[PDB]
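Chemist: PDB entry and its sequence, pasted below:
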Amino acid sequence: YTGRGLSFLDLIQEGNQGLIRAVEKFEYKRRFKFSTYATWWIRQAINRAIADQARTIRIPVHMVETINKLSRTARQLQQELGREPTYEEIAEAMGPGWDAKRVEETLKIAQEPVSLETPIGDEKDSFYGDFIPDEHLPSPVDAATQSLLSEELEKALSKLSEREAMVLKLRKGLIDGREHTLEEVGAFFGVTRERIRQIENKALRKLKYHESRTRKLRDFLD
Amino acid sequence: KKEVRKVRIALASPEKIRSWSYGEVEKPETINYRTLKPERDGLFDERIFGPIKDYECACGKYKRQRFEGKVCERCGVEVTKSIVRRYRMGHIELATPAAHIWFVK
Amino acid sequence: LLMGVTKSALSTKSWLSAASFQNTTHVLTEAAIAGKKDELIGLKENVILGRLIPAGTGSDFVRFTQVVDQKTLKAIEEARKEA
Amino acid sequence: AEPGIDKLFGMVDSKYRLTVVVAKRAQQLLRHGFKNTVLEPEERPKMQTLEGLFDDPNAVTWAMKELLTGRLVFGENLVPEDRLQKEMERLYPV
Amino acid sequence: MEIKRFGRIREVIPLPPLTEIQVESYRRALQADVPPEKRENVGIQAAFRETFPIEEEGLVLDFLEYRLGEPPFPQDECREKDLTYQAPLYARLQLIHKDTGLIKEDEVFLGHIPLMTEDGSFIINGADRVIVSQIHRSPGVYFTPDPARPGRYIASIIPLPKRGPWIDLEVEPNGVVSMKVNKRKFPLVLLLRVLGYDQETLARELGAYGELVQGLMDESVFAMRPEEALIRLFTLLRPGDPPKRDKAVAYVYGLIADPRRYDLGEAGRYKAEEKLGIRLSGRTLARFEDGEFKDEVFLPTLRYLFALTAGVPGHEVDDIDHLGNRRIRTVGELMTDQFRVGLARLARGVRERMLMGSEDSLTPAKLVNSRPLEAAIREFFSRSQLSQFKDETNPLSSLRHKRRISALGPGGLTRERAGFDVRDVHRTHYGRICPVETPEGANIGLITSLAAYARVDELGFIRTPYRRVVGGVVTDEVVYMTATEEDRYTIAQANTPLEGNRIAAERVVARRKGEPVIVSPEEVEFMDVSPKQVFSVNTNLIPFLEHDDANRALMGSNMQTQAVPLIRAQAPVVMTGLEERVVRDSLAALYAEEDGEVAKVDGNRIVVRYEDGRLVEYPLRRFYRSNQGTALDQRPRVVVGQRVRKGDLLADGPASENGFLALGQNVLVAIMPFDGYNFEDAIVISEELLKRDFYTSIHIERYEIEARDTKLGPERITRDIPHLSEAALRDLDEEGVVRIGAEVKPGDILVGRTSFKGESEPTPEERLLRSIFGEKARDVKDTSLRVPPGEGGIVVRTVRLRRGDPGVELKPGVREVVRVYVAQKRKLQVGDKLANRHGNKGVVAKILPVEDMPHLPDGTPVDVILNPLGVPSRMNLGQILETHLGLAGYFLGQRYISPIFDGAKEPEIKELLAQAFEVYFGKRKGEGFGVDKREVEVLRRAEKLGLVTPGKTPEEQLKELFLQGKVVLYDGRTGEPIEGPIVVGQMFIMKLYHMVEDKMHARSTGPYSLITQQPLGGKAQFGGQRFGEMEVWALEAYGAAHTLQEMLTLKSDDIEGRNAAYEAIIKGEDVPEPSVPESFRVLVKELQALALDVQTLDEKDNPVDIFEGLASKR
Amino acid sequence: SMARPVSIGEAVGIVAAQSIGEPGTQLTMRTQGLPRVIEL
Amino acid sequence: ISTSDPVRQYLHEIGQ
Amino acid sequence: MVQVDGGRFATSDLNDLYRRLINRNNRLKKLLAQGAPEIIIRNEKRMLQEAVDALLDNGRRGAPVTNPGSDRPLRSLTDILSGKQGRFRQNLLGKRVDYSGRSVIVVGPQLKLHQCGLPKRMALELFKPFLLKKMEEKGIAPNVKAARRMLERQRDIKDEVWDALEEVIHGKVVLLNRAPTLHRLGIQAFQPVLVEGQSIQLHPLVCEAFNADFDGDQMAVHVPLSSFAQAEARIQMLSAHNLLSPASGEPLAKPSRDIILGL
DNA sequence: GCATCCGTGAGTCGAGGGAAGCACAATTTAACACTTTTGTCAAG
DNA sequence: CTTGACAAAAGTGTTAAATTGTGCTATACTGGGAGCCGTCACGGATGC
Ligand SMILES: [Mg+2]
Ligand SMILES: [Mg+2]
Ligand SMILES: [Zn+2]
């Protein structure tokens, strides 16, 4: 079983677990030799361990069996046709319920991750991770434009009334971080929901009027 | 507040290592092959090392900073900045002690 | 005692520069067992921590110099000494 | 070479002290919008723009020229930092 | 423009096919055309006959024959669809059941063998590649002197690489000869006994030297039976394994007697027979027959070692750097070796399958799994060090790349573990490996070039040709011969004077074992064919090579490869004679197959009517993009109805003018300083060069985008990209791709693509913005392909490959791929690198108008101004002589062919200059013009410098100056003459591939690394400049503490620091004080991962949290 | 560099190392040359 | 058998 | 374990080492819970020790652990922190920096000793934030976002952007660098002069200090940002201020080949 | 006196590089009618 | 500023369906396999 993702000693230890199970479940009344019944369990344990531990991104056992069967079918068709089969042939040979789309999805699933320390060039000084940008943390430009938008929005909300600005900054989650509902803002102010939506609409219209008269906030909309 | 003036290096006791860790990594699973989300109790578990995205738990019940410093009861993931994922460590509880090679070879 | 530049550099009191020079495993294991504390005296340690190096404009001899003009200085002295 | 660089080097015991003084004066000039300058209107550094001559926006040039004039006092433990900043803000609001 | 030829040496044989080292080797390896029954036991046929038959031992898998089918796709289709140009390989195999005695035969598809193109390269994954030949130590038996102990010798038996362990035989101080195998030393007495050797045999054979045999007469094991001796040796070699007779005999047979695991090689066997004077039956150290071991080489090796130690006259040590002891593995041998490895893996699989399964119900197709063989072959042709991306900047580049010899690669030396000895020019490199051509730097001496006349024989030894000399007459009989055979003769020089065929000179300069000697004509036995055989193809293209220092000839030959094709490229005025042969053998130009008449001439095709009557249509490669981005096009050179003979040129290839290699332009060069714009190798050129489109090249860039499948939805290549005006989408067609012929600048869209945005609630400020503007957020975002900064041109091609297309094997999840070929016409500009064949290189630093350049008295401005100060230090005087001959040719309207080391000498150049001055001054005299006043002033100054003879007329003094190569040159700015005469001539200058357009790069902010969060590196990734250790040292020495802190933190990895700095700058403020770098945090976390408690303290030793409380457990 | 008394705060160790190591390439290599400096 | 080879050491241990 | 733009996953070798350690530890726990014999438990404990070793320092003891399907040793923590490619020498003692460019150098004989020829496009990219601020100050763009959008496309850049750039760089200096930086004058501060073209113009007299000729040498440009950095570059690092060699005290910026020849 | 083991060996740049089933029990996900709250619109 | 409906977007239970994890298969089988020298040369340190 060597060369299938697990080292020799790991296979040996997994087979040892299978052998322990075989000893537990062996019956000598049947007059069969121990190797005959123990081989089943040892191979079972080794194959289960290969299915469970040979991939960095673990794949369920049924899916591993599907991938192995698909690879066997592809190899058989490749040796029979004298060329690399397309997904249609492979799907047809797999059987009912298989089309080219499912074969492609299974092959995409079966793609092992590539090491970040794999060398690029002939010197081997450069690696994959040296060419992969980090797209999680915002760039300085993104943080700067977010701060600019916050400043301009704070300046724009100044022209509004004292209460209307608060209503919009609460409904849009500019204070607590999360949007509030009309009933919640009412419980904060003691006012019913209809008046809150009316005043929010009026203040939004006023902000639109100020933006039209100034045009100092349109660029941030992208 | 205070400025760094000295840097000290010393041995880490098992107690100190466990104090560093936000949780024991019990499974070798990295991420789910289908949903691409980290697997629970794995090397990338959100319950241990922190959320993938800022102020959002795994189950998607808390999604804003209002519930900051909170651990969701549904998923167990702390609602905080995702950058803690660069700083929060785990630990593996060895069944038997293993010598540190730096002090052997 | 006389030792080469390599042995002299690897036996320095600061474990950061010695570990960033050579024999990182050996330097770090000795420093960790001895519980060594790096006082950040030289230039390499400050570079590693991104601090202001204690040389040039970062030296304590010149770093604390204050510049002030005539008018403000006279204002401060007059406003404080009047008591 | 920077104008009067020899005099600037000769005005201090250590060249890095000269650099520190120039940089701190430049920051003081920037923070107060060049309103704390000790330069007369005929001494302000100028740049030639298509529209015409304007005030030099480089504060390091202003600081070097001011240090050349000799109307700046530099040294250690002259005045407390908080008091100095407060008085500079008071005389030169920004 | 007539061509005048110089030289007196008559070459008896032409240059051999320059690409034969690739083509013939691969043809021998494949044997695809010879019928299977007539195939010889070489190459993949040898691999088949070696690994097969496969016996479990009653299943036997026997190999009968193989065949290679036609390639599935043509070369152009393979290049266009990123395929591999390969031929299907099938093997005919029979399965014999020894029990039943039944044979079942079928043809099994073993896979695909990559095919070599006619020019000598491969197409791997749509990319042109070259398999560089590897030089290494030839296998065999060698006898080297022991350095630690004088007067002692050690014998080394070396098999083929990865074909057995090296065997060491050393006479130890005790007197017992020791054999070393696999780092383990043991007494050779034991193994010698295992080979059925008794005391009397050793005493009779090796006993005629002295005490050395007495050291080989240990009777403690001689009386011991061979079986127990073999088991004892097995215990020595691998201690611990239970001693068993079967295991021990299997191990010994595999170690020294197994042809499938030990292979001395054909070259190794030949060398062993030649040295030890024996005849090996096979290629193994011993044979295993009749259940016993018979010696092959150990006794002859030990006899030679004993005789060498004793001091017999006929035995000598072996120079391991002697090129008769160094052999070449070409593409064929490397491919055969990898094929044999894959076949061994396949045999392992076949053995393990026949062990299981129904032995009755088994077919050869089921047993044979061809996947390991294909895997080994694809790994060799893709990820091997010797499989290199083809260098095809110009045809000479590919020609050189196919003739390169690398000491590195799998099984060779290491770039850093290689000493001076392996990198030196051995005396046997003469005529076989070019001495001057090598990459200066870390690979000097490790990579070299095959000599022009050299050829690699069957065994891998480089042979060079020599003319047989008998009785003093030089015959036309040419013998190709190796260094070990070359050492036995006195070889004269090709420049030896001959009166017809008799050697005329009484004293002949010759070589004896590489040493220069003076001999008589009767003592000469061989002669050099020509001076060209000593140098490679590139070095043979440098005229007046004998006047150039080797360090600069190296640079010139190397830079000839880097020259880009030019739209107006023209062959050099001074040539060596190889330009036509280089073009012909590069297969870039098109030639007539036989005599015929041209029927149709077009920019795309040439249709020729041959004498036999068949119409032959040759499509023309037009505006094809090479591996380096240069445009490779063929331009027809015939007209309709023109009669062409066999071999006549039909269309120029890239960098060729009428069949002559044209790597640059012939320009008027003045050698003089000019206002400091010539300072330190800088070059001044005239604007007239740009006006008439000299040094103008065409470069094509390929941009690739993919529309893929994603969990959120499929990426769509469409023209409807959200939030873009009509101006941005003006040049895109309805399918979302830029229209062909559109001019694109940086930031312009090439292919429009939209991708589904990740499900994420927007920031509250964005939500308020959307509510204010009443705009619903769209579900897709712009991920289109745009022109990178500093690039652009004209969109000349669009290629769209879709999933399911015939032959298009897209990766899973990729719906389609779009490739845009954009071509730009680059003119010479400041920063572009020019060079010449003599190693003089420099960047253009100034482009002057025509009225500013120095001009001749007739009004002709010079094109290029070179600084003379680059000549004395570099000692490359060939450029000066080329300039003189170019001036002569420019005024005479002719070109010159001066072969290296036998060509135009100074008297001939001066007579040509006399004719040139005659025409140049007779034109003036006929036009009615005397001598200029300022010419008179320059002549007065020159006679003050002793350049002209006093008392002569101004015309005669001007003639003298012209004969010295100098003319009276005027200053275009002042009109006054240059105070001294200036060397003005016509010189051939190449525009190199290194252009400031592809090298200028700048960055403010961009991508950052994943872990360290530092900026990436490389212009392609829009990365920052590496501020390494030495730059930090420079800042520390300057005392710039704050600049250093900024570069370490604010500009590299202080995330908060860099964000705040950018925000402060765009707000007109000063950047804030930086913070701890993220790299230090990564360092601390890694040290903690090593279970080391790293703690940052304050003045009072209290811990300081540098993680902002983000890693503290409450 | 200035032909005047050294200013307090200069990293003379780095200057010393750079000054010694800069002409290292000019030293002959062929107990003499760069190996002699290295062993010293 | 071989201290540095884990496979050989395991095989030797199981061979007892 | 990041996903590349193509959808493929890239992960580090530390994940593989941790996975091996966890697998062996869990299997040892299971074997102990099953009362496995002493030979099996001993083998599993030895494997656990070897996995810990490989994680901490791969290849130090025994055969290095390699990812199946390849012969490349896995990168352990010790390899991450040690060597020329380790954390110290690659990311701590030296770093890649923002506001940095590179281009081929040509000779500027018309330049002053303190001046250099900086290409317009390199200056535009290097001084992008300052240029955006200046554009916002004038009427070129309404805000910084609009200015950046304007600068994104080459054909959208008007002619006043170059005037704003000329205004920005006034007084400021940039650090020119040529590798290898054998001594300290391998980095020198110059007052940039905007030139048409793509190559950096170098003053001849500094070439000897830089060990730079013009056969294809390239140089890097760095932009100091704050007042301290600009002051240090203009006072200490300026080319016209470093005229004598720190190694010997003799002049290092002195007349050279063509100058000496003419004189 | 020697034997063995270990760590070290310039910088920047680009360019392409990228034994297997089968059955069955749990578990998770998708879907699907229903209750909601959550926005809205209508006038008072 | 309020009710007084009401379309709808969201949240809430169960369920049938994929999806995933686990056990088991009884002729007999009982210690691996890829190795393979231009082994890189040379100081420094330990330790027999
Ligand atoms: Mg090179
Ligand atoms: Mg140079
Ligand atoms: Zn949750």
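Modeler: Great, that's in hand. Numbering: from 1, shown residues only, chains lettered A, B, ... in the order given. Ligands and ions are numbered 1, 2, ... in the order given.
Chemist: So residue E:245 versus residue E:290, what's the distance?
Modeler: Residue E:245 sits at a distance of 16 Å from residue E:290 (criterion: Cβ to Cβ, to the nearest Å). Any C-beta I mention is one placed from the backbone N, CA and C, and that applies to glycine too.
Chemist: The two: who's more crowded?
Modeler: When neighbours are counted by other Cβ atoms under 10 Å in any protein chain shown, residue E:245 and residue E:290 differ, and residue E:245 comes out ahead with 12 against 7.
Chemist: Burial check on the closest residue to residue E:764 other than its chain neighbours, number of neighbours?
Modeler: Distance criterion Cβ to Cβ, 6 or more residues apart in numbering or on different chains; nearest residue to residue E:764, sequence neighbours excluded, is residue A:173 at 4.2 Å. Residues near residue A:173, counting by other Cβ under 10 Å, number 20.
Chemist: I'd say residue A:173 and residue B:55 touch.
Modeler: No - Residue A:173 lies out of contact with residue B:55 (Cβ atoms under 8 Å); the separation is 11.9 Å.
Chemist: Common neighbours of those two, please.
Modeler: Listed as contacting both residue A:173 and residue B:55 by Cβ atoms under 8 Å, 6 or more residues apart in numbering or on different chains are residue B:64.
Chemist: Now the most centrally placed residue in chain D: which helix or strand?
Modeler: Centroid-nearest residue in chain D, with Cα atoms, centre = their mean: residue D:63, separated by 2.5 Å. If you go by DSSP states H and E, residue D:63 is part of helix D:59-69.
Chemist: Identify each buried residue in that helix, please.
Modeler: For helix D:59-69, a neighbour-count test (16 or more other Cβ atoms under 10 Å in any protein chain shown) marks D:59, D:60, D:61, D:62, D:63, D:64, D:65, D:66, D:67, D:68 as buried.
Chemist: so where do the helices sit in chain G?
Modeler: Per DSSP state H, chain G carries helices over the ranges G:6-14.
Chemist: for chain B, same thing?
Modeler: Ranges of helices in chain B, per DSSP H, are B:14-20, B:46-49.
Chemist: What about residue E:902, how many residues nearby?
Modeler: Neighbour tally, residue E:902, other Cβ under 10 Å: 19.
Chemist: Am I right that it is in a helix?
Modeler: No - under the criterion used here (DSSP: H, G, I helix; E, B strand; the rest coil), residue E:902 is coil, not part of a helix.
Chemist: Confirm for me that it is in contact with residue E:8.
Modeler: Yes - using Cβ under 8 Å, residue E:902 is in contact with residue E:8, at 6.2 Å.
Chemist: if I look at those two, which residues touch both of them?
Modeler: When contacts are counted by Cβ under 8 Å, 6+ apart, residue E:902 and residue E:8 have no shared neighbour.
Chemist: excluding its backbone neighbours, what's nearest residue B:17?
Modeler: Excluding the flanking residues, the one nearest residue B:17 by Cβ to Cβ, 6+ apart is residue B:91, at 5.6 Å.
Chemist: An error on my part: the question was meant for residue E:1076.
Modeler: Excluding its sequence neighbours, the residue lying closest to residue E:1076 (Cβ to Cβ, 6+ apart) is residue E:1106, at 5.0 Å.
Chemist: Can you tell me the SS state at the residue at minimal distance from the centre of chain A?
Modeler: With distances taken as Cα atoms, centre = their mean, residue A:57 lies nearest the centre of chain A, 11.2 Å away. Under three-state DSSP, the three-state class of residue A:57 is coil.
Chemist: ranges for the strands of chain C?
Modeler: Along chain C, the stretches classed as strands by DSSP state E are C:37-38, C:66-69.
Chemist: so which of those strands gets nearest chain E?
Modeler: strand C:37-38 (7.1 Å; Cβ to the nearest Cβ).
Chemist: does chain E sit close to the closest one?
Modeler: Yes - on the criterion Cβ under 8 Å from any Cβ of the partner chain, strand C:37-38 is in touch with chain E at residue C:37.
Chemist: Please enumerate the helices of the stretch 1-150 of chain H.
Modeler: H:13-33, H:38-56, H:77-81, H:87, H:120-126, H:128-137, H:144-152 (DSSP state H, counting those that start in this stretch).
Chemist: for chain C, same thing?
Modeler: So, for chain C - with DSSP H - the helices run C:5-10, C:15-21, C:24-34, C:44-49, C:60-63, C:70-81.
Chemist: swap in chain F?
Modeler: All helices of chain F, identified by DSSP H, fall at F:12-21, F:34-39.
Chemist: Let's check: the centremost residue of chain E is which one?
Modeler: residue E:401 (4.2 Å).
Chemist: which one is residue E:1011 nearest to, not counting chain neighbours?
Modeler: Here the nearest residue to residue E:1011 in space, its sequence neighbours aside, is residue E:1082; by Cβ to Cβ, 6+ apart that works out to 6.2 Å.
Chemist: Just the CA atoms of the helix or strand hosting that neighbour, as PDB, please.
Modeler: Assessed by DSSP H and E, residue E:1082 sits inside helix E:1078-1089. Coordinates of each C-alpha in helix E:1078-1089 appear next as PDB, following Å, rounded to 0.1, in the frame of the first residue of the first chain:
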ATOM      1  CA  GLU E1078       4.300  42.500  11.700                       C
ATOM      2  CA  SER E1079       7.500  40.500  10.800                       C
ATOM      3  CA  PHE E1080       8.600  40.700  14.500                       C
ATOM      4  CA  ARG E1081       5.100  39.500  15.600                       C
ATOM      5  CA  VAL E1082       5.500  36.600  13.200                       C
ATOM      6  CA  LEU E1083       8.900  35.900  14.600                       C
ATOM      7  CA  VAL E1084       7.600  35.900  18.200                       C
ATOM      8  CA  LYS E1085       4.700  33.600  17.300                       C
ATOM      9  CA  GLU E1086       7.000  31.200  15.500                       C
ATOM     10  CA  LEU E1087       9.400  31.100  18.400                       C
ATOM     11  CA  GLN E1088       6.400  30.400  20.700                       C
ATOM     12  CA  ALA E1089       5.500  27.600  18.300                       C
END
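Chemist: Could you tell me the angle between that helix and helix H:38-56?
Modeler: Interaxial angle of helix E:1078-1089 relative to helix H:38-56 (axes from the mean of the first three to the mean of the last three Cα atoms, to 10 degrees): 160 degrees.
Chemist: To chain D, which of the helices of chain F lies closest?
Modeler: If you check each of those against chain D by Cβ to the nearest Cβ, helix F:12-21 wins as the nearest, at 13.0 Å.
Chemist: these two touch, right, residue E:315 and residue E:308?
Modeler: Yes - contact criterion Cβ under 8 Å: residue E:315 and residue E:308 qualify, at 4.4 Å.
Chemist: which neighbours do those two share?
Modeler: Common contacts of residue E:315 and residue E:308 (Cβ under 8 Å, 6+ apart): residue E:143.
Chemist: ok so, going back, closest to ligand 1 out of the helices of chain F?
Modeler: helix F:34-39 (22.6 Å; Cβ to the ion).
Chemist: So what touches that closest one?
Modeler: By Cβ under 8 Å, 6+ apart, helix F:34-39 touches F:24, F:27, F:28, F:29, F:31.
Chemist: hang on, residue C:70 packs against residue D:66?
Modeler: No - when contacts are counted by Cβ under 8 Å, residue C:70 is not listed as touching residue D:66 (11.0 Å).
Chemist: ok, longest helix in chain E?
Modeler: Among all segments of chain E classified by DSSP H, the helix with the greatest residue count is helix E:331-355.
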